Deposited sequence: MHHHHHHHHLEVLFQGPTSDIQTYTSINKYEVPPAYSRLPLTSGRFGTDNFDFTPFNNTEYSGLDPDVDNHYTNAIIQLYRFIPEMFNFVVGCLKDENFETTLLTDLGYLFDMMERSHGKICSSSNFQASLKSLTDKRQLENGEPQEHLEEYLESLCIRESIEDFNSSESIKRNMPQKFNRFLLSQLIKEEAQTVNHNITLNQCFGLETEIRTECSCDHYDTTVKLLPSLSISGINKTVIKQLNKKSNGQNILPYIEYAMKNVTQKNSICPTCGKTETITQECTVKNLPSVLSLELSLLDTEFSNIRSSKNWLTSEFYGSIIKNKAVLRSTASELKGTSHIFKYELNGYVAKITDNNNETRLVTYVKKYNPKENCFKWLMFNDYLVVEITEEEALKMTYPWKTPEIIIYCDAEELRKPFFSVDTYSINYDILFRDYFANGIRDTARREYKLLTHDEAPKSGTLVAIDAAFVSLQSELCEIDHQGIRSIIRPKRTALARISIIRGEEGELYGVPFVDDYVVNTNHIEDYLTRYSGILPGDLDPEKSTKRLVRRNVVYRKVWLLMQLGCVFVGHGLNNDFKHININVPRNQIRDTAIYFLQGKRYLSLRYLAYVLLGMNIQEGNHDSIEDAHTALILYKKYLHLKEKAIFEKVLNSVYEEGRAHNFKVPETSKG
């Protein structure tokens, strides 16, 4: 993959490798694709267009500090809001490590299955999951308006209901539709984004061609004269300059081709206020008449559509970030997992024909220079680690004297199920394997004491989606995972069980188990290597890993006689194995019994009668 992060091409037509279709993601190496301390997203997703938008909103300080801040309280009902907060917090703390948005994608697919007048907004987003072209037109802008609308709707349903997202994106739109003479009707609705679509009077590129500001002025105050056998006159006007401006560019290809020639069209920064019943936007303050509270706006980021030379379509994200240790603006470009730091002259330049701006974001001046606040800047509510929150009808819950600290030993094991299969297209060129879901996890008390080796959660994860295979032999999940059909296990949602794991790694607990990197990858949570004690890495044999049942029969006297797997018992045996490994390490017998399990396994064929 040499010469793949080059974002510039000497030719104005050849698309550089930084925007090409990245190779599909046993252990994929991401070190030659990201050198910065800001993470990328796993391209193995059902949505061809949501990864670019998530990165666009991560670097808006006023939104990022809020949705991450919403992780103080247990907002289990706001699925799309908290899952976005779980993703934003994970992205910030990974500092470059790969991240997956499968949890957010699952909450979006379950929310869009809703079967308000504009309900086709749900169906238009659901129609873009089964993947034909990669992404259609006007579809990224449709989700941009959909994501912001659903977030605000969930923002009013959180604990201590907030309106912070409305104060940032709120566009007080006056919709005057004149039916007859001297008699008109006005509508006032708060819009999260501004839609620049269906432009008719292209009088902008003469002397106001020109820059982007005239397009924003028309979308803020326009008079359309088309409706129906009526052809009514409609006048849309906004009287609000919010903190951030969400722009949705959807123009004609003739207007898109003419807009590439105008150098410096997409303006870096501008200022403007409201003087008349319309909004005026000027480059410098010398053109501003003043007489009102002036507002300064700077570009935060934008999502552009890349048309490959192989006639392939994909989205990328340009991003600016401010460092409080100096006065500097660093640009960042985001492919799926390709992240590079670029210059401003290249980020604003759009003379290339394979580049089309789709979603632009402008931010307030004094608010962009504000630093990003992590979730651990407030007091988080660790009440779920003790409460019994089940959705149905041999462990023991936790107490406040067992309050986990930075270093509390815990044994974790997770069971999963199969929703779909590989479902590939072919040499493989289009499709990828997907759809593995979580069924049951269990955390065990690992701290030495009276309550040692005894679990404290045994939660099963409810799932309404159609499964393809239970993997019952390796999952121990009888068909009782249905919400009203719980056989014997106490069920729980996915948002509640994820918070138990998130709070454990938030405090700094130390997880032990076998193959913990797999569970955390499918649970969709990233834990630092300092808090992971994997028995596979410890008892590693070159490139071969040993089965947990085998180690229980060669390192201990526990012949499990494995029939139906049992996660609560699997995590228990993984805990005491870490205790034996500690014993065999304190006394210098480390690389003496490890060599004993290789050779004894050659004649035994890595198996024992069970």
Do you know which deposited regions have no coordinates at all? 1-17, 43-48, 139-142, 159-167, 245-248, 269-275, 441-447, 481-484, 669-672
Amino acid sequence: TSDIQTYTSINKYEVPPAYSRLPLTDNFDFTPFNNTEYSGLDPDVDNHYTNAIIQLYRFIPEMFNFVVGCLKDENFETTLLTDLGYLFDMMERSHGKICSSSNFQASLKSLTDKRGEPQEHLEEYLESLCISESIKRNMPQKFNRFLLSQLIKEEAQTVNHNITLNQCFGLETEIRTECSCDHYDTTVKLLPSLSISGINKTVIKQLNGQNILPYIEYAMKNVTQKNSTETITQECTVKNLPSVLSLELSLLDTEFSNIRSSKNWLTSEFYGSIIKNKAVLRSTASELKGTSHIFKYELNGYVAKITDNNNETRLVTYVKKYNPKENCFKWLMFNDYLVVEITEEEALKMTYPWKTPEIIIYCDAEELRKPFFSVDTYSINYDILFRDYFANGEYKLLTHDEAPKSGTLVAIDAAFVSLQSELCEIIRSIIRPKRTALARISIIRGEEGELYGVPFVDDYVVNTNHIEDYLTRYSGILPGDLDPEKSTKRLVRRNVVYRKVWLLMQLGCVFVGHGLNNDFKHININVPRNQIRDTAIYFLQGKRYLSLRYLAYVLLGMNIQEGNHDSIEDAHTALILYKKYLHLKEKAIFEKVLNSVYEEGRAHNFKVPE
From here on, numbers count along this sequence of modelled residues.
If you average the Cα B factors in the entry, which is higher, 308-316 or 142-150? 308-316
On average, are the C-alpha B-factors higher in 502-510 or in 290-298? 290-298
Which of these, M220, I359, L478, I532, has its C-alpha atom at the highest B-factor, as the entry lists it? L478
Looking at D42, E37, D570, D46, which has the highest CA B-factor as recorded? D46
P242: C-alpha B-factor third of its chain, per the entry, is the middle
Entry-reported Cα temperature factor of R58, expressed as the chain third it lands in: lowest
Binned into thirds over the chain's modelled residues, the C-alpha B-factor of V15 lands in the middle
Quick one: classify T408 as lowest, middle or highest third of the chain based on its Cα B-factor. middle
So, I212's CA B-factor, relative to its chain, sits in which third? The middle
